[PDB]
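*Asks:* Here it is, the structure, as structure tokens.
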């Protein structure tokens, strides 16, 4: 139940979060869907997530991002 492609993007997202010192983001991968939930974030996080969603939706992945 492991997605080679989504795991690559998970690693890139985690590396960005680590560089930024952001520790309040939850990530789930489920049957080809990427889910990201976070309570608020900076413009830097928001732009990264917008770009990630656009790149993956273009490939047909479902990307559910919620910034609460």
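*Asks:* Cβ-Cβ under 6 Å, sequence separation 6+ or interchain: first residue in region 1-20 and free of Cβ contacts under 8 Å to residues at least 40 places away in the same chain and at negative phi, partner surrounded by 13 or more Cβ atoms within 10 Å (Cβ to Cβ) and assigned to a helix (DSSP H, G or I). Which pairs?
*Replies:* Cβ pairs passing all conditions: 16/48.
*Asks:* Of all residues in region 12-21 being out of contact with any helix residue (DSSP H, G or I) (no Cβ under 9 Å at 6 or more places or on another chain) and assigned to a helix (DSSP H, G or I), which is surrounded by the most Cβ atoms within 10 Å (Cβ to Cβ)?
*Replies:* Restricting to residues being out of contact with any helix residue (DSSP H, G or I) (no Cβ under 9 Å at 6 or more places or on another chain) and assigned to a helix (DSSP H, G or I), the top hit is 14.
*Asks:* Something else about it: Taking residue 39 as meeting all but one of (1) exposed (fewer than 11 other Cβ atoms within 10 Å of the Cβ); (2) touching a strand residue (DSSP E or B) at 6+ places or on another chain (Cβ under 6 Å), write down the number of the exception.
*Replies:* Tallying (1) exposed (fewer than 11 other Cβ atoms within 10 Å of the Cβ); (2) touching a strand residue (DSSP E or B) at 6+ places or on another chain (Cβ under 6 Å), residue 39 fails exactly one: (2).
Residues checked against (1) touching a helix residue (DSSP H, G or I) at 6+ places or on another chain (Cβ under 9 Å); (2) in a helix (DSSP H, G or I); (3) surrounded by 15 or more Cβ atoms within 10 Å (Cβ to Cβ):
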site: 7; (1), (2), (3): no, yes, no
site: 10; (1), (2), (3): no, yes, yes
site: 23; (1), (2), (3): yes, no, no
site: 28; (1), (2), (3): no, no, no
site: 35; (1), (2), (3): no, no, no
site: 44; (1), (2), (3): yes, yes, no
site: 47; (1), (2), (3): no, yes, no
site: 52; (1), (2), (3): yes, yes, yes
site: 63; (1), (2), (3): yes, no, yes
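Each value in this text was obtained by applying a stated rule to the coordinates, not by laboratory testing. We place every Cβ from the backbone using ideal geometry, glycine too, and count neighbours over all the protein chains shown.
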